[PDB]
Amino acid sequence: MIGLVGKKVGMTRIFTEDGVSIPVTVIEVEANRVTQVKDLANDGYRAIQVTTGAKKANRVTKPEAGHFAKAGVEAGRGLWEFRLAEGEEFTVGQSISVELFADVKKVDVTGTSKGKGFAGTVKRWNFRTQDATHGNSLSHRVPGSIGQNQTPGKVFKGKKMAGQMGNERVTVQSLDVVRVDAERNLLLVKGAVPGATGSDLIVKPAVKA
Amino acid sequence: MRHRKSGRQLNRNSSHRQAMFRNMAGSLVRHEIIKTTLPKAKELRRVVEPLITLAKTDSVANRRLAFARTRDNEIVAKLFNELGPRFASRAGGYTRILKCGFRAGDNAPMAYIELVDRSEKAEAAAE
Amino acid sequence: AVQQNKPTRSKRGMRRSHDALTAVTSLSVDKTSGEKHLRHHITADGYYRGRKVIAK
Amino acid sequence: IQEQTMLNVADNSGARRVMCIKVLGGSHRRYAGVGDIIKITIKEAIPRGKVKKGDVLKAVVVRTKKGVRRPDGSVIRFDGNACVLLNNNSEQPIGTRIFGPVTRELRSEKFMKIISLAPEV
Amino acid sequence: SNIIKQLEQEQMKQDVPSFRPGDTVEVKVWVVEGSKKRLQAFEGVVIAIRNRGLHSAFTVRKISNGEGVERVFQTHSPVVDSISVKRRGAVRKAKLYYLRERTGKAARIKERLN
RNA sequence: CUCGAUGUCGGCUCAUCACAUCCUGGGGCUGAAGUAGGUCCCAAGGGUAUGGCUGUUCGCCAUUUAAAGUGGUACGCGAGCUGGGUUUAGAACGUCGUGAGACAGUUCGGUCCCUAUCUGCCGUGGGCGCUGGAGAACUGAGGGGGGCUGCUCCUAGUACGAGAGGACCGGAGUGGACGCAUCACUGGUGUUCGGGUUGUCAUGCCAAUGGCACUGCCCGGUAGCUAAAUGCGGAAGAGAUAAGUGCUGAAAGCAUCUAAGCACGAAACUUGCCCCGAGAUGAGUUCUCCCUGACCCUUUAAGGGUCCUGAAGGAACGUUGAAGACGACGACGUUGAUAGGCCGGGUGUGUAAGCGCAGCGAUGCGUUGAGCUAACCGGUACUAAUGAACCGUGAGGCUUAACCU
RNA sequence: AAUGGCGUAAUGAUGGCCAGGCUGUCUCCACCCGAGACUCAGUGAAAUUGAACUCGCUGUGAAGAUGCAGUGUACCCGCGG
RNA sequence: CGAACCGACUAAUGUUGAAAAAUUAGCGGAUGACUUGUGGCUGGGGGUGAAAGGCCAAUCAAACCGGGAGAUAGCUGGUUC
RNA sequence: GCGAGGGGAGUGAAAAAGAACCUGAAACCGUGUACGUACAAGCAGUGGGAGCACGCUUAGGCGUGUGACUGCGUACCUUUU
């Protein structure tokens, strides 16, 4: 039960003798609740959220209209939530970047793992000896040549092969927070945070339990 | 590709790319249009326009490259005397691209680049 | 890397699926009531509206 | 700091080069710089001293090129490789004095002798 | 973020570094240090200079000390050492900044440039 | 079973399972005070050393570790690497033989092929289907990943102990190895940025520049990518248990953990955490958007067909991307910052060129911290992203139940 | 002890061992520059091949099964590795 | 010592190659038992051989071509309505 | 393209004899049409079998093609116990 917002770089607040403050600026721009359901045709609690400056002018159509269900300003892609006993379409339909969730506690984040595109053994593991120079036979990077001889085998499904890469979830978990400036939308963490300015992140309280 | 913003290359030596791209650059100045792949094209303007800006100076600065980027100071002299003062107005931008495409034998885009003469004016028909 | 029995028929005739060719679809542009090629104005004179390549 | 690696004595009784032959801390500690304990091996030594040549002992690390930083992130790298042998099983830094500068992390509680010497940092 | 994230980088260096150091300044840039139990104290490190004028955190100026044995502190700019204030060795920078010629001796980093 | 060929030992790489368990977890007895052990039961979650000598496997030795498990997998693994051992041809020693030669001896030297069709895998697209067609947000059947552990302090120098020594239970911090993410720091790279310099050819010459010589050699370095850098995670908590512990309790005037009947109980199992996930053909759910013009021939409830229409949307093209082999996926297309250019700043190099002056000159000083400057930040439509065209329709099968006029 | 015995300075792309220097041989790989690999246009091979509508597991069996039995599973077809 | 020239100790690549023995980087000899052009002489149980069974036209424990010749094959394969 | 190649016209009994030229089979390669076919495991058939496309008949329960679903169910040869 919380909001999502574009990462957008990261910096620190190099304390005099510290720099402990190593957060990552995560402009937490409020959401737009009003959208949710219960047991009358749907799942559980839930809560839609949308925040960004989508050109309401031209780009997305049906969604803008889909947003007319007593909402305000259609942003980018909408995400959901769950229980927490929040407000609803009965008072406003406009969350904020702060409430009762507390403070100073740790807040996990889930950027979008980049993706170095296709990657290999050496790549998706960082482990596989050999040389290069007097080699030129098994020139290091090879899978390193994996499998059997004459064996049932099945190449053993799931064995770490090359594989590719690309935008993927992540979830860091933990990560305390050094600051926050509501309205101004300026949440800070402590390094980490997946993605690279081109993400979204969910920034949930802390499913530590 | 790997991960973010870097670029500018085509199968060639970056040791030689300078020439395979400078001679061609000095040509637009000699002429106006030159059919030469969308790649070479979309890549060409970064050597032509940036060298075009060396107008305001018309002194030692403009001559940062005369005896080098061309054996003869033709193209360079043609710059601080003609090309430089021509487009003095809207500095930004210059050379445009017009798709031609298909090079016979090896289906590669062509285009040809240009620069002024064909002002985006609602002109009529003359000459 | 050798193979052993391979079915010329049926098989392959399946990979050919991803091999059929494709169609363009483009305009004529105001002046040329035909050609215009693809996203170009017209080749006849290579002009979008005037003195571009060769025209009046 | 990985096996092999020549380390100098920064204290005394067994000069120059000293060979690191292990790194404790457990299974697979690759390195160990800053001020960790490290199994050493004397290979040169001054004719005198009460610690001859080729005596498998353990020791600490005082000045190591790998650097040491903390706080602010600024770093103090000393291009050298300080040992400072310690009388082995009744652990304690064998010697009288220590030479040169030392590290502020080296002042680690349970140590302390070494840092009240080698007038520095 | 015309002036928003690039904003903290600014709302902290509002300090008064040196604005113009030509090496060799053998000053102890009083560095807050710490010591334990008591003492706040403040002592620094005699310098030579080569930096990096960068990324907000002007985390640099490998100051180069030869006290007894050998080498550097990469002492940043951001708050905990009570300013570089003292510049005693005028200048004369060889190939200027990044004068990393680590080799201790009669080879002075000849200062003086007035 | 293979001699119309199933390549030997050891190493590397990368493994997968068993349990007769090496470490860690839970118990019973002890000739178990404590600490540490001995043994047996249970337990496969995870973890389970670097070197010296040797071809070695193994072994012995040095030093670590919580520990350095046993075994199956063609004594796992050569259409994956190696070729040190061991069967080719050379040569030699010892030994055997009259000798050619030989050795279940030794010694020096001695070509390791294959572009993957099928199964299998790791990734990733194209169809069609989910019953009007769309754009989205989910549910969660299932599936996988992850599950290591040291030391220290407090408890408590207490229980225990003659001392020596020294816990339980519970908690607090910091590590080793491993995993994921990410460049803000420290650094590497950075043949597209700046500089120095050797030889030489040229731009008429001076000067200033350029080509070539590994980027000629070299110094430093933006972005990005990066580890040695930085930040986080293996948990708690639940369910039901294993061994074990028991209660109450007869059969069997007691006893008994069981036969009725209740309660505990481990890194194992189910879940909790992270990822995938409705082709879940059992094709689910919710929200929003769009289409309500005419006729004809049939063998008429099946349709087949023409004109007029063509939406929502999709795709196509173009400018592109921290996205990418190609597809895919994201942003933008004048209602515009999507690329390039241009303005400013940052940065990196290190004070250009030209002119002046000093010096016979090399050279120096001043102009000047100049000149130049990329992938960067802020901004700017100058150039290119054109108006249309294409695909996709025209109110959605039958039966029944509930609502209805 | 001339199918020579023991020595021997010098020489050796000769066998064995040690050291300094040196380093990506290695801990442990990172980045970068090029030639392929990928995409388009042109030309256009190869060995092999009884026939294929060419899945896993346990068992079976001329004794190590895609093809037998039981069972589990699996929409159709490509591309790269 | 080191180019030409002569030779081939090492590694990588190639191994359906550029190539039926080479390319790349190193490597040995380089006034000598040297190296090379032209022509000549040794013939198969024969030649030549600083000796490896090496070389005698991509062939060598007895060359190539033709013949005896349909050698022989207690072996393998195959054998037609 | 003063190409190749072809389309007419004409020769001829024929060019469905055009110089690649008699007859022109098979492998092998295509275009068209009827049916089957994208949740289903294996020598691909055989036994059963509905539907569909045509053809039936003064119905009369049929012929041709295709075959969903289903019982079965490991090629031939050789050599061998």
# chains A, B, ... in the order shown; residues from 1 in each chain; ligands from 1
$ select_by_dssp --residues "segment 13-50 of chain D" --states "strand (DSSP E or B)" --output "PyMOL selection string"
chain D and resi 17-19+38-42
$ residues_around --residues "residue 383 of chain F" --least-positions-apart "2" --cutoff "12 Å" --atoms "only C-alpha atoms (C1' of nucleotides)" --output "PyMOL selection string"
(chain B and resi 42+45-46+49+90-98+113-116+119-120) or (chain F and resi 319+339-342+381+385)
$ closest_atom_pairs --of "chain C" --to "chain F" --cutoff "8 Å" --atoms "only C-alpha atoms (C1' of nucleotides)" --output "CSV"
residue,atom,partner,partner_atom,distance
C:1,CA,F:116,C1',4.3
C:2,CA,F:116,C1',6.9
C:3,CA,F:117,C1',4.8
C:4,CA,F:117,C1',7.0
C:5,CA,F:117,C1',7.9
C:6,CA,F:117,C1',6.6
C:18,CA,F:126,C1',7.1
C:25,CA,F:390,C1',6.3
C:26,CA,F:389,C1',5.8
C:27,CA,F:389,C1',5.9
C:39,CA,F:317,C1',6.8
$ write_last_selection --atoms "C-alpha atoms" --output "PDB file, in the first residue's frame"
ATOM      1  CA  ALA C   1      27.189 -31.746 -36.957  1.00  0.00           C
ATOM      2  CA  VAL C   2      26.074 -34.390 -39.401  1.00  0.00           C
ATOM      3  CA  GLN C   3      22.444 -35.056 -39.823  1.00  0.00           C
ATOM      4  CA  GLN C   4      20.740 -38.376 -40.473  1.00  0.00           C
ATOM      5  CA  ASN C   5      17.291 -38.893 -41.952  1.00  0.00           C
ATOM      6  CA  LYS C   6      15.690 -35.640 -43.050  1.00  0.00           C
ATOM      7  CA  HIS C  18       8.414 -17.273 -42.030  1.00  0.00           C
ATOM      8  CA  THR C  25       1.410   0.683 -49.321  1.00  0.00           C
ATOM      9  CA  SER C  26       2.031   4.309 -49.889  1.00  0.00           C
ATOM     10  CA  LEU C  27       0.768   7.432 -51.493  1.00  0.00           C
ATOM     11  CA  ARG C  39       7.412   8.404 -48.041  1.00  0.00           C
TER      12      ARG C  39
END
$ residues_around --residues "residue 77 of chain H" --least-positions-apart "3" --cutoff "12 Å" --atoms "only C-alpha atoms (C1' of nucleotides)" --output "PyMOL selection string"
(chain F and resi 4) or (chain I and resi 77-79)
$ residues_around --residues "residue 114 of chain E" --least-positions-apart "3" --cutoff "10 Å" --atoms "only C-alpha atoms (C1' of nucleotides)" --output "PyMOL selection string"
chain E and resi 90-92+111
$ residues_around --residues "residue 35 of chain E" --least-positions-apart "5" --cutoff "8 Å" --atoms "only C-alpha atoms (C1' of nucleotides)" --output "list in words"
residues 104 of chain D; 40 and 41 of chain E
$ write_last_selection --atoms "N, CA, C and O atoms" --output "mmCIF file, in the first residue's frame"
data_model
loop_
_atom_site.group_PDB
_atom_site.id
_atom_site.type_symbol
_atom_site.label_atom_id
_atom_site.label_comp_id
_atom_site.auth_asym_id
_atom_site.auth_seq_id
_atom_site.Cartn_x
_atom_site.Cartn_y
_atom_site.Cartn_z
ATOM 1 N N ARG D 104 44.254 4.684 11.684
ATOM 2 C CA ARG D 104 43.328 5.015 12.760
ATOM 3 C C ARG D 104 42.371 3.871 13.060
ATOM 4 O O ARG D 104 41.683 3.883 14.081
ATOM 5 N N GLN E 40 38.318 16.101 19.771
ATOM 6 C CA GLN E 40 37.535 16.382 18.593
ATOM 7 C C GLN E 40 38.801 16.509 17.811
ATOM 8 O O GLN E 40 39.069 15.761 16.891
ATOM 9 N N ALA E 41 39.615 17.447 18.281
ATOM 10 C CA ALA E 41 40.910 17.727 17.701
ATOM 11 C C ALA E 41 40.736 18.107 16.248
ATOM 12 O O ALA E 41 39.628 18.096 15.711
#
$ closest_atom_pairs --of "chain H" --to "chain A" --cutoff "9 Å" --atoms "only C-alpha atoms (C1' of nucleotides)" --output "CSV"
residue,atom,partner,partner_atom,distance
H:11,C1',A:134,CA,6.5
H:12,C1',A:136,CA,6.2
H:13,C1',A:136,CA,8.1
$ interface_residues --of "chain A" --to "chain F" --cutoff "6 Å" --atoms "only C-alpha atoms (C1' of nucleotides)" --output "compact mmCIF listing (two decimals) with N, CA and C atoms, in the first residue's frame"
# COMPACT_ATOMS: atom_id res chain seq x y z
N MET A 11 22.04 10.69 -5.92
CA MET A 11 23.16 11.47 -5.43
C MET A 11 23.34 11.16 -3.96
N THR A 12 24.10 11.99 -3.27
CA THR A 12 24.33 11.80 -1.85
C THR A 12 24.20 13.15 -1.18
N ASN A 42 -14.83 -8.47 -8.57
CA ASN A 42 -13.39 -8.12 -8.59
C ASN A 42 -12.59 -9.06 -7.69
N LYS A 62 -8.65 5.70 -25.12
CA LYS A 62 -9.52 4.89 -24.27
C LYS A 62 -9.17 5.05 -22.80
N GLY A 66 -11.32 5.98 -19.86
CA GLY A 66 -11.46 4.99 -18.81
C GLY A 66 -11.23 5.65 -17.47
N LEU A 138 40.40 -22.06 -26.09
CA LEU A 138 39.24 -22.01 -25.24
C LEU A 138 39.10 -20.57 -24.74
N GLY A 144 32.73 -22.33 -21.30
CA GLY A 144 33.83 -22.92 -20.63
C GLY A 144 33.69 -24.38 -20.93
N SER A 145 32.79 -24.58 -21.86
CA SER A 145 32.41 -25.86 -22.39
C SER A 145 31.72 -26.84 -21.39
N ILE A 146 30.40 -26.71 -21.16
CA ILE A 146 29.62 -27.53 -20.18
C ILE A 146 28.65 -28.67 -20.61
N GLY A 147 28.79 -29.84 -19.99
CA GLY A 147 27.93 -30.97 -20.30
C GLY A 147 28.64 -32.27 -19.98
N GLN A 148 28.14 -33.37 -20.53
CA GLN A 148 28.74 -34.69 -20.31
C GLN A 148 29.52 -35.30 -21.50
N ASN A 149 29.43 -36.63 -21.69
CA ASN A 149 30.12 -37.34 -22.79
C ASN A 149 29.24 -38.21 -23.61
N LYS A 154 20.45 -34.34 -20.41
CA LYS A 154 19.21 -33.74 -20.89
C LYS A 154 19.77 -32.33 -20.92
N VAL A 155 21.10 -32.27 -20.96
CA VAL A 155 21.85 -31.02 -20.93
C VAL A 155 21.43 -30.36 -19.64
N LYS A 157 18.09 -29.32 -17.86
CA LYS A 157 17.31 -28.11 -18.04
C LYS A 157 17.58 -27.13 -16.91
N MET A 161 22.97 -21.02 -18.99
CA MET A 161 23.58 -20.91 -20.30
C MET A 161 23.81 -19.45 -20.57
N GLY A 163 21.82 -17.01 -22.43
CA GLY A 163 20.63 -16.30 -22.01
C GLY A 163 20.79 -14.87 -22.47
N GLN A 164 19.72 -14.10 -22.37
CA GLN A 164 19.77 -12.72 -22.78
C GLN A 164 19.70 -11.84 -21.56
N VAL A 172 14.78 -4.54 -4.03
CA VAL A 172 15.96 -4.48 -3.18
C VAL A 172 15.65 -4.89 -1.75
N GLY A 191 21.45 4.59 -1.75
CA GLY A 191 22.09 3.86 -2.82
C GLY A 191 21.16 2.79 -3.35
N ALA A 192 21.71 1.82 -4.07
CA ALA A 192 20.94 0.72 -4.63
C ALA A 192 19.99 1.19 -5.74
N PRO A 194 17.27 -0.15 -8.47
CA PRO A 194 17.42 -0.66 -9.84
C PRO A 194 16.88 0.31 -10.88
$ interface_residues --of "chain A" --to "chain G" --cutoff "9 Å" --atoms "only C-alpha atoms (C1' of nucleotides)" --output "list in words"
residues 126, 127, 129, 131, 132, 152, 161, 162 and 163 of chain A
$ write_last_selection --atoms "N, CA and C atoms" --output "PDB file, in the first residue's frame"
ATOM      1  N   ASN A 126      29.875 -14.504 -13.614  1.00  0.00           N
ATOM      2  CA  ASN A 126      31.141 -13.865 -13.280  1.00  0.00           C
ATOM      3  C   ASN A 126      31.997 -14.963 -12.674  1.00  0.00           C
ATOM      4  N   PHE A 127      32.175 -16.039 -13.440  1.00  0.00           N
ATOM      5  CA  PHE A 127      32.969 -17.178 -13.007  1.00  0.00           C
ATOM      6  C   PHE A 127      33.198 -18.222 -14.104  1.00  0.00           C
ATOM      7  N   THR A 129      37.276 -19.734 -15.442  1.00  0.00           N
ATOM      8  CA  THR A 129      38.657 -19.461 -15.802  1.00  0.00           C
ATOM      9  C   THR A 129      39.041 -19.605 -17.257  1.00  0.00           C
ATOM     10  N   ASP A 131      42.605 -18.767 -20.149  1.00  0.00           N
ATOM     11  CA  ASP A 131      43.413 -17.682 -20.675  1.00  0.00           C
ATOM     12  C   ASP A 131      42.870 -17.105 -21.973  1.00  0.00           C
ATOM     13  N   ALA A 132      43.726 -16.373 -22.671  1.00  0.00           N
ATOM     14  CA  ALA A 132      43.364 -15.757 -23.936  1.00  0.00           C
ATOM     15  C   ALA A 132      44.565 -15.866 -24.853  1.00  0.00           C
ATOM     16  N   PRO A 152      22.856 -39.905 -19.799  1.00  0.00           N
ATOM     17  CA  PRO A 152      21.458 -39.537 -20.011  1.00  0.00           C
ATOM     18  C   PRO A 152      21.517 -38.094 -20.314  1.00  0.00           C
ATOM     19  N   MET A 161      22.973 -21.021 -18.988  1.00  0.00           N
ATOM     20  CA  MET A 161      23.581 -20.915 -20.302  1.00  0.00           C
ATOM     21  C   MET A 161      23.810 -19.449 -20.572  1.00  0.00           C
ATOM     22  N   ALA A 162      23.908 -19.114 -21.852  1.00  0.00           N
ATOM     23  CA  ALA A 162      24.095 -17.737 -22.249  1.00  0.00           C
ATOM     24  C   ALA A 162      22.913 -16.973 -21.684  1.00  0.00           C
ATOM     25  N   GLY A 163      21.815 -17.010 -22.428  1.00  0.00           N
ATOM     26  CA  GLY A 163      20.628 -16.303 -22.009  1.00  0.00           C
ATOM     27  C   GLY A 163      20.789 -14.875 -22.467  1.00  0.00           C
TER      28      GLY A 163
END
$ select_by_dssp --residues "segment 75-113 of chain B" --states "alpha helix (DSSP H)" --output "MDAnalysis selection string"
chainID B and resid 75:78 84:86
